[PDB]
Structure formats: structure tokens, C-alpha cells
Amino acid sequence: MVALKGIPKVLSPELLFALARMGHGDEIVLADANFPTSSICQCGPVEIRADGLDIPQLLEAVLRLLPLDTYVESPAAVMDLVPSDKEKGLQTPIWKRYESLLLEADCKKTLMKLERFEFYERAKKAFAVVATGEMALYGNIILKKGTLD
């Protein structure tokens, strides 16, 4: 991790580098432990490792530096449950934490829910994919960078 004034300690230099290189409209994926990171990163995005971190910690740190797009219906998206899981009535409480962290970063929008394969399509066009140690089911979240001022 990095040691610079005003920069969250949990950010690695490679992640900071990725955030700095991203432009307006670019997206970054914070992937859970079960995400097919290896295959997705074969299609374009840079792979960044964050093995010992959970997503809530990382998300909070990223939002301290990353301005979110305010012109899209929602600058943050998660993967919606697959049919089997919806039928089973699966609960995904981690999403409540995401909504809370976004609010604290001044983002009043609600998370967008994308169908599995539609989520995978977006991930392939992402600038980078951060492989975390998040074990929560459906913990993946995609963020879209906006402009400053």
C-alpha cells in the first residue's frame, strides 16, 4: 500500500496508477472472489490484485479520489441474481452497504442491476478489474468515472 498525504492507505500503487490513467466515462470493476477475473481480463482490462481486501473497504477508499459520472442514470452497477437464485430467494445484504457508501460520497442514485451476461460485457470494456478477497455473493460492482469541479 501507499504512503502519501491525503491518499487512502489501502490503495496499492498499481490501483492508484489505474485510477489516474482512467479518463471521463471509463469504468473500473471491483470483483468478488468468485468473479471470472482471469477470463475477463483476457478480453482487455488490466488485472489488479487486492487479495487481502473486502470490497466495502476498497470502495470507500476509491470513492475518496474517484469522481463519479453525474450524467448517467447511475454511475454504479451490480450484477442481478441469476434466475435460480431469485427463485431461491437469495439475499444480498452487501448491496445495502454499497448504497450507504455511495451516499456518503454524495451519490444519491441507486445501484443499477445488470443481467449476468450484460454485466460481463461491461466488464470486458472496463479499464481495469480489481480482484479482491470479497466472499459475499454478487459483491461485484462497476463504477464509471466522471469529471471534476
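Start at 1 and count along the sequence shown; that's the residue number.
- Higher mean CA B-factor, judged across 84-92 and 108-116 from the recorded values: 84-92.
- Compared with the other modelled residues of the chain, the Cα B-factor recorded for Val72 ranks in the highest third.
- Compared with the other modelled residues of the chain, the Cα B-factor recorded for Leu4 ranks in the middle third.
- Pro45: CA B factor in the highest third of modelled residues in this chain (values from the PDB entry).
- Remark: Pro56 belongs to the lowest third of its chain, ranked by C-alpha B-factor as recorded.
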